[PDB]
Amino acid sequence: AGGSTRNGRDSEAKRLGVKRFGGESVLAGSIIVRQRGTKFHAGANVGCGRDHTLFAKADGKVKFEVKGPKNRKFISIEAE
Amino acid sequence: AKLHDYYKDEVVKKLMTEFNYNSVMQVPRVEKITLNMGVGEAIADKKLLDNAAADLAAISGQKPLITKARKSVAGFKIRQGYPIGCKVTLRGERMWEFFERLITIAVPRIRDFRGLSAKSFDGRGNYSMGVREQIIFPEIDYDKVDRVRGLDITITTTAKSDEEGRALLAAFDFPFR
Amino acid sequence: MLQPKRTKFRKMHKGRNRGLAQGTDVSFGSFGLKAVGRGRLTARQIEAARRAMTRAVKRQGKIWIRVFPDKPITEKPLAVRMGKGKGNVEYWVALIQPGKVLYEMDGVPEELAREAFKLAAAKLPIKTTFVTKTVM
Amino acid sequence: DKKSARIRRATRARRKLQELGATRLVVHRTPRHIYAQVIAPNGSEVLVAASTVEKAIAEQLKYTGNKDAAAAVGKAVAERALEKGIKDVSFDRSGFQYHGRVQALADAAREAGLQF
Amino acid sequence: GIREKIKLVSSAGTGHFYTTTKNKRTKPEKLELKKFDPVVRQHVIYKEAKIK
Amino acid sequence: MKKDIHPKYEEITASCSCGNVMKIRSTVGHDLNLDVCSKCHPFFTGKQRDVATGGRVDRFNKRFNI
RNA sequence: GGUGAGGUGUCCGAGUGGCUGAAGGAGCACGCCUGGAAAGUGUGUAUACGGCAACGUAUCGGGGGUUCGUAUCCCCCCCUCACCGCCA
RNA sequence: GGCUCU
RNA sequence: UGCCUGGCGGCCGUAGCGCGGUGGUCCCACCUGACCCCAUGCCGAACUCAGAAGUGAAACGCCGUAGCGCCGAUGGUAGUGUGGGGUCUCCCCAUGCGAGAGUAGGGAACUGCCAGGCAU
RNA sequence: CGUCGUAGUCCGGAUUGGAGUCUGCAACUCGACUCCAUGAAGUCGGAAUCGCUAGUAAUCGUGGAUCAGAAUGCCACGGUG
RNA sequence: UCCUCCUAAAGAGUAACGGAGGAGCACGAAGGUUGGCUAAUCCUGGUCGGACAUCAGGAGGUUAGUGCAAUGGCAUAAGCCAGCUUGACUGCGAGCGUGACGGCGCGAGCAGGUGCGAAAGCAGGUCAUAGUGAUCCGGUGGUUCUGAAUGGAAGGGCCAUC
RNA sequence: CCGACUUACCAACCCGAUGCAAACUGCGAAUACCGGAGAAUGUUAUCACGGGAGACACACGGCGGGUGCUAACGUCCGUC
Ligand SMILES: [Mg+2]
Ligand SMILES: [Mg+2]
Ligand SMILES: [Mg+2]
Ligand SMILES: [Mg+2]
Ligand SMILES: [Mg+2]
Ligand SMILES: [Mg+2]
Ligand SMILES: [Mg+2]
Ligand SMILES: [Mg+2]
Ligand SMILES: [Mg+2]
Ligand SMILES: [Mg+2]
Ligand SMILES: [Mg+2]
Ligand SMILES: [Mg+2]
Ligand SMILES: [Mg+2]
Ligand SMILES: [Mg+2]
Ligand SMILES: [Mg+2]
Ligand SMILES: [Mg+2]
Ligand SMILES: [Mg+2]
Ligand SMILES: [Mg+2]
Ligand SMILES: [Mg+2]
Ligand SMILES: [Mg+2]
Ligand SMILES: [Mg+2]
Ligand SMILES: [Mg+2]
Ligand SMILES: [Mg+2]
Ligand SMILES: [Mg+2]
Ligand SMILES: [Mg+2]
Ligand SMILES: [Mg+2]
Ligand SMILES: [Mg+2]
Ligand SMILES: [Mg+2]
Ligand SMILES: [Mg+2]
Ligand SMILES: [Mg+2]
Ligand SMILES: [Mg+2]
Ligand SMILES: [Mg+2]
Ligand SMILES: [Mg+2]
Ligand SMILES: [Mg+2]
Ligand SMILES: [Mg+2]
Ligand SMILES: [Zn+2]
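Structure representation (structure tokens):
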């Protein structure tokens, strides 16, 4: 008999990711992306939350797009 | 601006000749003079720093900017933010008037003056020298002080090379050697 | 015995050894010992085959070793139940795919390199072959 | 250098008005002249424009790069904007200080009828 | 947990209070902030008092 | 420049032993009497004299005659 | 096998991040008394350093490390001290 | 007061 | 309509670097001065103001240039969904998808709105 | 009589550089002295320890022997006391 | 118990006495806003000054920084200076996310009143993700809501809070 | 003190070539998943509410893996 360990810990899964995909009609206030950083960025009719959460300010379809000189990823809401 | 007039009338014609510049804007010119006093011993007391800035304010009629540590080192017993030195930037007429009082008064008041070095031009025309003792300036009273400070002078000019600044200072009769 | 000086981590997963190799052609030297089989070698097997070809060439020529054992291998001790943490790092291996050039050699004739690499392959668990520098 | 730091100094408010959808007044300042232009919310085309480089404005002036020229420019661009029916804009200082010729321009445009 | 807790009493005569924390070692001077008082519907100076 | 923080910077006269009268702006206030100026400094004659190696053979031949 | 504590100049002994290259003491060297010694009494004291030898290198068990910085903090190696190594 | 050996 | 320049964009390296060359009527830039607006934890350096003597030196713009950066096929290879098989730590067959890297090669951006200048 | 006026000083004179004199065949190792400059330590000395009872101690100069030259040593002499 | 990465099989989620690290706070400014700024390291020269303080130029281009672990972000800076300040507001909240549930989270916008800014606007704590404990019982302030014949009161309720 | 040289004795940076990575990524699939449109098929196979449960000891096999010795009719996950 003998031994021990030191690597037993881990945290809970925060359920991040993309909640609504492209071409997918949403309501105002609908969470599109939950994320840690700004892996994506807020485009037209899309707000950025306190935790870099991307929510829809209006109603319509989700548009993923890459803009800017740095090729950053923007999310926009088309009208509907 | 006496030397500024002497530059504009005789030095520019001199250097345009001795370098064969196409344009007159291609000529060197002096831009600023920086007067540092690194006081690493003021962590003992502020008054050593506080009185050295008072001495350097008499030399150049500006209030000096008291500098601090960029980072923390333990070999010098300093933390990032301690006031550790003082600087003065001199431009314009006060630059020229200090450079006049320098090469006319203070350099002869150097103990055992025998010339400067022409190997102090930092590869890109900008000249830097260091004096051992502030009493060579007549601004400082000999009786009023107790402690021999020291400072260093850094002449930042627009000369690209090292020789264009060497000819520029030689045009100002700068005592190299 | 070859071994990494520093490591970012002390232990590693067992992984797999599937796929083809990349170090196929004789890059540096003239003759090569190419692995045909699949498996994992060790620092002992590498250093023993290096000694066997250094002695077989009488320090004539130049010998490259293309592989390096960087994977730590754990074992649990005797009379230890299967739980209670991962075992201790015991030795170091290099994963070998088919096609990997293991050793290279020049400055010697071909027949001497053949008998040297044969004495080396007799120290290796995997099946090898002899290759030469191909133009293109 | 100075041009680039001016652009960095301006490129936050330009993107902010870009997402606000704001019809935007762009000021540009030189030592000799001062420029103004009203830009559509797409940011790719203009509506009205005024400057001290125009003859109709410069011939009425002493120096093109003083405060009186800047007020004459903000007056001309405001009277042209209200002529074209553009009334509410948002002022882009374009990386300059809201001071001096820029402030005198915006005070002229406020006085002439624009709303910012 | 050296950062103790206090309350910010309205100076408008009402007993309304905000609750908050402070480091009493490093900030010995009293905290005074101008906060909204929902009873009077005005911004009123609140002052530090004891949490009791 | 700022208004109050700087010391007084006033034009005074500095005269020298060679009679080099020079008016400079300074923080001294009163007039200045010098000892050596750049005009009268022995940089152009004295520093030429001040090497003074001297000969060992010349001292030897100087001290006597054969 | 595992647990807990720990490794300091000749020795003992302080010291658990900021003159602690280290107290203090004993010891060692020098001196002084003694006919000589001891015991005394006073005075000093780590190791390689070299720039001229001023003061940085270094070393708290060895190796690694981080914090601006470690004798103290942490990590591996060991070495040693106390406990457990039971039931069948 | 106490103070060893040679 | 042509040329040049400035401003605001689109696009985000085939668009960037480098190297050489080139521009001053206008524009721009540097530049002159600062009692003033305003400013410097000192400094008219910057910011700002009042200006226009000078210069295109720098910067910027333009032209050229394959030292790079970048882009980049075709074919093959790796992988893999399903079904099947073997000598089953790993592979193969039918079928479908099909990279990355590399090669040939491309390549010294294109374009919109407004204003001004010189020509027409 | 004047001077310094409590300081490492107009104290102290070491050390060192340069220029010299003399003795002596000959002053490098290895002499004494002079001149100019240089201006250390040292601000009355731990434990411990020495001498001295009157012209004594203390202090001040002088001479001689030895010796070409070469003493702060030695042996003598007087002064103040 | 909680956080971060891998394992985790390119949506989410996913276990082991699997591999590695952290948390049980801090801040009345280290928050808000307005204005401005842009590193690390190295090279050369330079009084004391030295490997290493401070100063000037150049290379470099974020290899730095983020109050703390890691990951993801960060130049429009979320990083760094200064001015003014208290939005570290109260009542609400369309609509979604996430959990068996208790619960947790994001949130434009509305009403009042406020701060900065010329203004557009921004602000309902901090770059985000750890910094925590249900109910009961009891305490404190406020509030006529209730008040065992009635008027009060005790006590209770509601709000805030320990 | 200055160094004299030479000797390569090692070697930084940089350059070229070559490998390796679950906690590396200037690239990047197949599948899977989410959403939309459209046929054919399927005894609504879907969702909501309500009545009643049982069950929460799984096993092997294929594939992708952790651990173990790519040992176990071993163990722990995903999927069938
Ligand atoms: Mg028993
Ligand atoms: Mg005995
Ligand atoms: Mg006896
Ligand atoms: Mg200017
Ligand atoms: Mg040019
Ligand atoms: Mg292909
Ligand atoms: Mg490809
Ligand atoms: Mg190109
Ligand atoms: Mg080009
Ligand atoms: Mg006298
Ligand atoms: Mg003397
Ligand atoms: Mg002394
Ligand atoms: Mg004394
Ligand atoms: Mg004699
Ligand atoms: Mg006598
Ligand atoms: Mg996943
Ligand atoms: Mg998956
Ligand atoms: Mg912060
Ligand atoms: Mg800002
Ligand atoms: Mg340096
Ligand atoms: Mg944070
Ligand atoms: Mg209970
Ligand atoms: Mg009642
Ligand atoms: Mg009652
Ligand atoms: Mg991977
Ligand atoms: Mg049912
Ligand atoms: Mg159960
Ligand atoms: Mg179960
Ligand atoms: Mg199961
Ligand atoms: Mg399996
Ligand atoms: Mg098994
Ligand atoms: Mg099983
Ligand atoms: Mg298994
Ligand atoms: Mg199970
Ligand atoms: Mg299975
Ligand atoms: Zn003179």
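Chains as they are written, first to last, in my numbering: chain A, 9 to 88; chain B, 9 to 185; chain C, 44 to 179; chain D, 9 to 124; chain E, 83 to 134; chain F, 10 to 75.
C-beta: ideal position from N, C-alpha, C; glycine also.
Could you name the residues of the same chain whose beta carbon sits closer than 7 Å to that of E/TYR100, not counting the 5 residues immediately before and after it, in chain order?
-> Cβ neighbours of E/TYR100 beyond the five flanking positions: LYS89, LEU90, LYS117 and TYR128.
Integer Cβ distance of C/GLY142 from C/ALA78, believed to fall under 8 Å | With 8 Å as the limit, C/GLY142 and C/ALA78 qualify as a contact, their Cβ atoms being about 7 Å apart.
Member of D/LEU55, D/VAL97, D/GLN123 and D/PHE124 whose CA lies at the smallest distance from the CA of D/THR31 = Residue D/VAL97 is the option with its Cα nearest to D/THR31.
Quick one: what's got a C-beta closer than 6 Å to F/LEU41's C-beta in the same chain, skipping five residues either side?
-> Taken in chain order, the residues that qualify are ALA23.
May I have a chain-ordered list of the alpha helix (DSSP H) segments no shorter than 4 residues that lie completely inside the stretch 86 to 134 of chain C?
-> As for any alpha helix (DSSP H) of minimum length 4 sitting wholly inside the stretch 86 to 134 of chain C, the runs are 86 to 100, ordered along the chain.
Excluding five sequence neighbours on each side, which residues of the same chain lie with their C-beta closer than 7 Å to the C-beta of B/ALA61?
-> Counting only residues of its own chain and dropping the five nearest sequence neighbours on each side, B/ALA61 has a CB closer than 7 Å to the CB of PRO72, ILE74 and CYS94.
Residues of the stretch 154 to 175 of chain B whose Cβ lies closer than 8 Å to any Cβ of chain F, in chain order = Cβ contacts with chain F: none found.
Apply the 10 Å Cβ neighbour rule to E/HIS125 and answer buried if 16 or more other Cβ atoms are within range, or exposed otherwise.
-> Using a 10 angstroms sphere on the CB of E/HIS125, the tally of other CB atoms stays under 16, which defines it as exposed.
Whose C-alpha, out of C/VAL174, C/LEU145 and C/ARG93, is nearest the C-alpha of C/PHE74?
-> For the residues C/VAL174, C/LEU145 and C/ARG93, the minimum Cα distance to C/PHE74 belongs to C/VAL174.
Delimiting residues of the alpha helix (DSSP H) encompassing E/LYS109 | For E/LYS109, there is no enclosing alpha helix (DSSP H), since its DSSP letter is neither H nor E.
Beta carbon of D/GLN45, beta carbon of D/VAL34: below 8 Å?
-> At a Cβ-Cβ threshold of 8 Å, D/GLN45 and D/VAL34 count as neighbours.
Interface residues of chain A facing C/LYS127 [CB-CB closer than 9 Å] | The contacting residues are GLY10, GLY11, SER12 and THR13.
In whole angstroms, what is the alpha-carbon distance linking C/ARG98 and C/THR172?
-> Answer to the nearest angstrom: the Cα atoms are 20 Å apart.
When the Cα atoms are used, what is the spatial distance from B/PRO146 to B/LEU98?
-> Answer to the nearest angstrom: the Cα atoms are 19 Å apart.
Apply the 10 Å Cβ neighbour rule to D/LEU28 and answer buried if 16 or more other Cβ atoms are within range, or exposed otherwise.
-> Burial call: exposed.
Contact list for B/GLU39 against chain F, beta-carbon separation under 8 Å = In chain order: nothing, as chain F lies at least about 18 Å away.
Do you know how far the Cα of A/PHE63 is from the Cα of A/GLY55?
-> About 5 Å.
Which chain B residues are close to F/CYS46, counting only those with a beta carbon under 8 Å from its beta carbon?
-> At a beta-carbon threshold of 8 Å, the residues of chain B lying near F/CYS46 are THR112, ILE113 and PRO116, ordered along the chain.
Using a Cβ-Cβ cut-off of less than 8 Å, list which residues of the stretch 65 to 92 of chain B approach chain F; keep chain order.
-> Listed by position, the residues of the stretch 65 to 92 of chain B near chain F (Cβ gap below 8 Å) are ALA65, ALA66, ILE67, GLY69, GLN70 and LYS71.
Got a sec: is the Cβ-Cβ distance from F/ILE33 to anything in chain B below 8 Å?
-> Closer than 8 Å: yes.
Quick one: is F/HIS39 near chain B, going by C-beta distance under 8 Å?
-> No, no contact with chain B.
CB of D/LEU90 within 8 Å of CB of D/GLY51, strictly | Going by C-beta atoms, D/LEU90 is not nearer than 8 Å to D/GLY51.
What is the DSSP secondary structure of F/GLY55, reduced to helix, strand or coil?
-> For F/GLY55, the three-state secondary structure derived from DSSP is helix.
Residues of its chain near F/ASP44, where Cβ-Cβ distance is below 7 Å and the 5 sequence neighbours each way are ignored = Cβ neighbours of F/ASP44 beyond the five flanking positions: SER26.
In angstroms with no decimal places, state the Cα-to-Cα distance between B/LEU176 and B/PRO36.
-> As the crow flies, the alpha-carbon of B/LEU176 is around 7 Å from that of B/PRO36.
Does the beta carbon of F/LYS12 sit closer than 8 Å to a beta carbon anywhere in chain B?
-> Under the Cβ criterion of 8 Å, F/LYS12 is not counted among the residues facing chain B.
Consult DSSP for B/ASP17 and reduce its assignment to one of helix, strand or coil.
-> Helix at B/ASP17.
C-alpha gap between B/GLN142 and B/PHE106, whole angstroms = Approximately 14 Å between the Cα atoms of the pair.
Just mark A/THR46 as buried or exposed, buried being the case when its beta carbon has 16 or more other beta carbons within 10 Å.
-> It is exposed - the Cβ of A/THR46 has fewer than 16 other Cβ atoms within 10 Å.
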